[PDB]
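# Remarks on the overall topology
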Amino acid sequence: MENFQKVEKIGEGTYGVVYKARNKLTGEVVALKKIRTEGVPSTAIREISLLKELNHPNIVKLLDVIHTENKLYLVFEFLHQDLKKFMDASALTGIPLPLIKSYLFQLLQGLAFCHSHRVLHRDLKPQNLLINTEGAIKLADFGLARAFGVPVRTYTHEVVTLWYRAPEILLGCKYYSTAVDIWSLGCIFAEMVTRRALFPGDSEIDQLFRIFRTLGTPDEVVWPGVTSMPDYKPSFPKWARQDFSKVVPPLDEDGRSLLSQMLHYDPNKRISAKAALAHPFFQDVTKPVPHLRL
Ligand SMILES: NC(=O)c1cc([N+](=O)[O-])c(Cl)cc1NCc1cc(F)c(F)c(F)c1
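Residues numbered from 1 in each chain as written, not as in the entry; some residues may be left out. Heavy atoms only, no water.

### Observations concerning the sheet that holds strand β4 (residues 62–68)
The sheet built from five strands is open, its strands ordered β1-β2-β3-β5-β4 with antiparallel pairing. Edge positions in the sheet fall to β1 (4–12) and β4, since each has one partner strand and no second. Within the sheet, the average angular offset between the axes of one strand and its neighbour, ignoring direction, is 25 degrees. Here strand β2 (residues 17–23) runs beside strand β3 (residues 29–35); their pairing, made up of five bridges, is antiparallel. Bridge pairing in β3 places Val-18 opposite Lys-33. In this fold helix α1 (residues 42–51) packs onto β4 and β5 (71–77), with an angle of close to 155 degrees to the strand it touches most, β4. (Pairing = 2+ DSSP bridges. Helix = DSSP H or I, 4+ residues; strand = E, 2+ residues; numbered from the N terminus. Axes fitted to C-alpha atoms, helices over the stretch in contact; angles between N-to-C directions. Contact = heavy atoms within 4.5 Å.)

Below you can see the structure in the form of structure tokens.
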């Protein structure tokens, strides 16, 4: 590394390999993501560079965009653990409700900030939510999707997770809205509560049908325009909706109410991050200290 000192290979994300590195100068520890191929659109580097200006306590800071030797590196502030690992570690006992609430509240603040600045995430999942010992949780990878449209997969044979994809994306809609992030966060909220993924689809159609089996096959009544979506087929089976009391037990009515608003089929009826923050579910929100083993 011309300037860094690779500590370890954290992983291999959807846009390239990730390393924990120490800036031999500043001495700071950061996450270095090497972006995928043989050109790199200058349009992307400009859009990405804009993301450097985004500053919010619940958004992982993009410290630098390095375009040298014709390669693309993203330098991010470092956090020791992601929500996926934390949920696994908390599987036996479950994440306490007060902490689930704190995390959801913080993530909505982060989304409200991004959305008011016209930035969408598009690929929220537990792995993209980072946490620290102080009880904070932050969104990682905001805006990278748009600055790269949709490259389908990661870069080198790796099963793309569809579990958190909004139905409008699954139905072929070409224009994503802020609502896709609320849907993903709703799925994550449910998973923290039940300790099981809400919609663990194994294919795009299995994903769509798992959603339909739980929330009911959508129709023009609940989702005006759904039958005209690019990938909608009149041959879709028609399943009846289940009750939330059965979907995320034993979550209370405040929680079920908020979740139901985050999972409305019509992107336009789906609650905004701003509005969700005012929901009664957050009346008693606090900021608990999580039990992190690093
Ligand atoms: N900003 C970041 O801090 C970070 C970034 C990316 N990434 O995509 O650019 C990834 Cl993957 C993991 C990250 N940390 C969480 C983490 C740190 C570890 F040190 C570790 F071992 C682990 F599993 C998870």
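### Looking at the layout of surface pockets
Reported here for the second largest pocket is a volume of approximately 330 Å³. Around the second largest pocket, the lining comprises 15 residues; the ones closest to its centre are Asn-3, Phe-4, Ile-66, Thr-68 and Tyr-73. If you list the elements that add at least two residues to the lining of the second largest pocket, you get β4 and β5. Per-element tally for the lining of the second largest pocket: the top contributor is β4, with four residues. When the residues that make up the lining of the second largest pocket are grouped by side-chain class, the tally is seven nonpolar, three polar and five charged. (1 Å grid on protein atoms, 1.4 Å probe; cavity = no way out; pocket = protein on both sides within 12 Å on 5 of 7 lines; lining within 4 Å. Points joined across faces, edges and corners; volume = space filled by probe spheres on them. Nonpolar A, V, L, I, M, F, W, Y, C, P; charged D, E, K, R; others polar.)

### Some points on the domain arrangement of the protein
Under the domain assignment used here, the protein contains domain 1 (1–80) and domain 2 (81–291). Computed from C-alpha coordinates alone, the two centres of domain 1 and domain 2 are separated by 26 Å. Overall, the association of domain 1 and domain 2 removes approximately 2400 Å² of surface from exposure, summing both partners, and the carbon and sulfur fraction of that is 64%. The tally of links between domain 1 and domain 2 comes to two salt bridges. Between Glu-77 and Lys-138 there is a salt bridge whose closest N-O contact spans 3.1 Å. (Domains from an automatic or database assignment. Buried area = accessible area lost by both parts, 1.4 Å probe. Salt bridge = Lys/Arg side-chain N within 4 Å of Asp/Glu carboxyl O.)

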